[PDB]
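Peer 1: Starting off with a structure, shown below.
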Amino acid sequence: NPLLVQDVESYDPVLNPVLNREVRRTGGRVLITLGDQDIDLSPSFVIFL
Amino acid sequence: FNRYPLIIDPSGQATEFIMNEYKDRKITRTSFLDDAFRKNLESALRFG
């Protein structure tokens with residue numbers, strides 16, 4: 001889902017892999033490691049700060 | 001099947017048939033003796 005995030009002066013470093021696109025593709029999935037848990041990254045996701 | 005099948009194939013034809021049939025779904029062959037069974041099982045449970 002598209003996401004708009006405000007108050008970016010309080011930026012959460014948990015977004016670093018998401019902004020850097022540090023994805024790992026295996027088994028047809030696109031794995032993003034948000035913190036300690038893996039999430040299948042849907043290609044339609046977009047984030048605006 | 002309702003319960004997950006247990007295949008008994010001394011000739012090895014059934015395992016290759018299963019490999020071919022579910023190849024389009026990215027089927028993985030592992031073993032109980034292999035130490036990577038935990039990770040493969042968890043990945044399958046979470047991502048099909």
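The way I read the labels, and the way they are meant: chains A, B, ... in the order of the structure tokens, residue 1 as the first residue of every chain, and ligand 1 as the first ligand shown, with later ones counted on from there.
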Residues within 12 Å of residue B:29, please, as a ChimeraX atom specification. Count only C-alpha atoms; anything in the same chain fewer than 2 positions from it doesn't count.

Peer 2: /B:15-16,18-20,22-23,26-27,31-32,34,36-37,40-41,44

Peer 1: Let me see the file: selected residues, N, CA and C atoms, as a compact mmCIF listing (two decimals), in the first residue's frame.

Peer 2:
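out35.txt, freshly written:
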```
# COMPACT_ATOMS: atom_id res chain seq x y z
N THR B 15 9.28 -39.64 -6.83
CA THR B 15 9.92 -38.40 -6.39
C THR B 15 10.20 -37.48 -7.57
N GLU B 16 10.63 -38.02 -8.71
CA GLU B 16 10.83 -37.18 -9.88
C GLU B 16 9.51 -36.70 -10.46
N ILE B 18 6.88 -35.95 -8.63
CA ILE B 18 6.50 -34.85 -7.75
C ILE B 18 7.37 -33.63 -8.02
N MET B 19 8.66 -33.85 -8.32
CA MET B 19 9.54 -32.74 -8.67
C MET B 19 9.04 -32.01 -9.90
N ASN B 20 8.65 -32.77 -10.93
CA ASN B 20 8.16 -32.16 -12.17
C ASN B 20 6.81 -31.48 -11.96
N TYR B 22 5.32 -30.10 -9.34
CA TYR B 22 5.32 -28.88 -8.54
C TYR B 22 6.52 -27.99 -8.84
N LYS B 23 7.20 -28.23 -9.97
CA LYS B 23 8.33 -27.38 -10.34
C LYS B 23 7.89 -25.95 -10.59
N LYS B 26 7.96 -23.84 -7.53
CA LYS B 26 9.25 -23.76 -6.84
C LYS B 26 9.30 -24.73 -5.66
N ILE B 27 9.17 -26.01 -5.97
CA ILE B 27 9.22 -27.05 -4.96
C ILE B 27 10.66 -27.32 -4.57
N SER B 31 15.74 -33.18 3.27
CA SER B 31 15.74 -34.45 3.98
C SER B 31 15.69 -34.17 5.47
N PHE B 32 15.21 -35.16 6.22
CA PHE B 32 15.15 -35.01 7.67
C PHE B 32 16.54 -34.99 8.29
N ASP B 34 19.24 -33.67 6.96
CA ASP B 34 19.90 -32.41 6.69
C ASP B 34 19.61 -31.40 7.80
N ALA B 36 19.56 -28.25 7.49
CA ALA B 36 18.82 -27.11 6.95
C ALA B 36 17.32 -27.35 6.91
N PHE B 37 16.83 -28.41 7.56
CA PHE B 37 15.40 -28.72 7.52
C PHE B 37 14.57 -27.68 8.25
N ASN B 40 14.26 -24.44 5.99
CA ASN B 40 13.40 -24.74 4.84
C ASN B 40 11.95 -24.88 5.26
N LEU B 41 11.70 -25.57 6.38
CA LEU B 41 10.34 -25.74 6.86
C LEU B 41 9.70 -24.40 7.21
N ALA B 44 8.92 -22.45 4.05
CA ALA B 44 7.74 -23.00 3.39
C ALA B 44 6.46 -22.59 4.12
```

Peer 1: Kindly provide, as a JSON list (two decimals) with N, CA and C atoms, in the first residue's frame, the residues of chain A having any atom no farther than 10 Å from an atom of chain B, counting only C-alpha atoms.

Peer 2:
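Saved result, iface.json, follows:
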```json
[["chain", "number", "residue", "atom", "x", "y", "z"],
["A", 27, "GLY", "N", 13.23, -17.79, -4.22],
["A", 27, "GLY", "CA", 11.99, -18.53, -4.35],
["A", 27, "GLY", "C", 10.87, -17.75, -5.01],
["A", 28, "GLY", "N", 11.21, -16.74, -5.81],
["A", 28, "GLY", "CA", 10.22, -15.89, -6.43],
["A", 28, "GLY", "C", 9.72, -14.75, -5.56],
["A", 29, "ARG", "N", 10.01, -14.78, -4.27],
["A", 29, "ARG", "CA", 9.63, -13.72, -3.36],
["A", 29, "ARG", "C", 10.70, -12.63, -3.31],
["A", 38, "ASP", "N", 11.41, -11.05, 8.53],
["A", 38, "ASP", "CA", 11.37, -10.95, 7.08],
["A", 38, "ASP", "C", 9.94, -10.69, 6.61],
["A", 39, "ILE", "N", 9.81, -9.83, 5.60],
["A", 39, "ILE", "CA", 8.52, -9.48, 5.02],
["A", 39, "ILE", "C", 8.63, -9.60, 3.50],
["A", 40, "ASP", "N", 7.63, -10.21, 2.88],
["A", 40, "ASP", "CA", 7.55, -10.27, 1.43],
["A", 40, "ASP", "C", 7.18, -8.89, 0.90]]
```

Peer 1: Work out how far apart atom CA of residue A:4 and atom CA of residue A:36 are and give it in Å to one decimal.

Peer 2: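 Atom CA of residue A:4 sits 23.1 Å away from atom CA of residue A:36.
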
Peer 1: Write out as a count of residues only the set of residues from chain B that DSSP, computed on the backbone, places in alpha helix (DSSP H).

Peer 2: 20

Peer 1: Could you give me, as a list in words, each residue of chain A that DSSP assigns to strand (DSSP E) when run on this structure's backbone?

Peer 2: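 So, restricting chain A to strand (DSSP E), we get residues 2, 3, 4, 23, 24, 25, 26, 29, 30, 31, 32, 33, 34, 37, 38, 39, 40, 46, 47 and 48 of chain A.
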
Peer 1: Would you mind exporting N, CA, C and O atoms of the selected residues as a CSV table (one decimal), in the first residue's frame?

Peer 2:
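Written output follows (out_13.csv):
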```csv
chain,number,residue,atom,x,y,z
A,2,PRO,N,0.5,2.3,-0.7
A,2,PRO,CA,1.2,3.6,-0.6
A,2,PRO,C,1.1,4.1,0.8
A,2,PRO,O,0.1,4.0,1.5
A,3,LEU,N,2.2,4.8,1.2
A,3,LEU,CA,2.3,5.3,2.6
A,3,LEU,C,2.9,6.7,2.6
A,3,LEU,O,3.9,6.9,1.9
A,4,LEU,N,2.3,7.6,3.3
A,4,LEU,CA,2.8,8.9,3.5
A,4,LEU,C,3.1,9.1,5.0
A,4,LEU,O,2.2,8.9,5.8
A,23,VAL,N,16.8,-5.6,-0.7
A,23,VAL,CA,15.9,-6.7,-0.9
A,23,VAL,C,16.8,-8.0,-1.2
A,23,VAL,O,17.8,-7.9,-1.8
A,24,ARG,N,16.2,-9.1,-0.8
A,24,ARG,CA,16.8,-10.4,-1.1
A,24,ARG,C,15.8,-11.3,-1.8
A,24,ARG,O,14.8,-11.6,-1.2
A,25,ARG,N,16.0,-11.6,-3.1
A,25,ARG,CA,15.1,-12.4,-3.9
A,25,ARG,C,15.4,-13.9,-3.9
A,25,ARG,O,16.5,-14.3,-4.3
A,26,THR,N,14.5,-14.7,-3.4
A,26,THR,CA,14.7,-16.1,-3.3
A,26,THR,C,13.3,-16.8,-3.3
A,26,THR,O,12.4,-16.4,-2.6
A,29,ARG,N,10.0,-14.8,-4.3
A,29,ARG,CA,9.6,-13.7,-3.4
A,29,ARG,C,10.7,-12.6,-3.3
A,29,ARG,O,11.8,-12.8,-3.7
A,30,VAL,N,10.3,-11.5,-2.8
A,30,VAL,CA,11.2,-10.4,-2.6
A,30,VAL,C,11.2,-10.1,-1.1
A,30,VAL,O,10.3,-9.5,-0.5
A,31,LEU,N,12.3,-10.5,-0.4
A,31,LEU,CA,12.4,-10.5,1.1
A,31,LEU,C,13.0,-9.2,1.5
A,31,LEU,O,14.2,-8.9,1.1
A,32,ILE,N,12.4,-8.5,2.4
A,32,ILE,CA,12.9,-7.3,3.0
A,32,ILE,C,13.0,-7.5,4.5
A,32,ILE,O,12.0,-8.0,5.1
A,33,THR,N,14.1,-7.3,5.1
A,33,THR,CA,14.3,-7.6,6.5
A,33,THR,C,14.1,-6.3,7.4
A,33,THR,O,15.0,-5.6,7.7
A,34,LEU,N,12.8,-6.1,7.7
A,34,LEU,CA,12.4,-4.9,8.4
A,34,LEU,C,12.8,-5.2,9.9
A,34,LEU,O,12.0,-5.9,10.6
A,37,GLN,N,12.5,-9.3,11.5
A,37,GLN,CA,11.5,-10.2,10.8
A,37,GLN,C,11.5,-10.0,9.3
A,37,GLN,O,11.6,-8.8,8.9
A,38,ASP,N,11.4,-11.0,8.5
A,38,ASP,CA,11.4,-11.0,7.1
A,38,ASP,C,9.9,-10.7,6.6
A,38,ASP,O,9.0,-11.2,7.2
A,39,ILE,N,9.8,-9.8,5.6
A,39,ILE,CA,8.5,-9.5,5.0
A,39,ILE,C,8.6,-9.6,3.5
A,39,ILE,O,9.6,-9.1,2.9
A,40,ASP,N,7.6,-10.2,2.9
A,40,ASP,CA,7.6,-10.3,1.4
A,40,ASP,C,7.2,-8.9,0.9
A,40,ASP,O,6.1,-8.4,1.1
A,46,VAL,N,4.9,1.9,-2.0
A,46,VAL,CA,5.6,3.2,-2.2
A,46,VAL,C,5.5,4.0,-0.9
A,46,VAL,O,4.4,4.0,-0.2
A,47,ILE,N,6.5,4.7,-0.5
A,47,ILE,CA,6.5,5.5,0.7
A,47,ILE,C,6.9,6.9,0.4
A,47,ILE,O,7.9,7.1,-0.3
A,48,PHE,N,6.2,7.9,0.9
A,48,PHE,CA,6.5,9.3,0.8
A,48,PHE,C,6.8,9.9,2.2
A,48,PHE,O,6.0,9.7,3.1
```

Peer 1: In Å, with one decimal, what is the gap from atom CA of residue A:43 to atom CA of residue A:1?

Peer 2: 9.5 Å

Peer 1: Rounded to one decimal place, report the atom CA of residue B:30-atom CA of residue B:5 distance in Å.

Peer 2: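 Rounded to one decimal, the two atoms are 15.4 Å apart.
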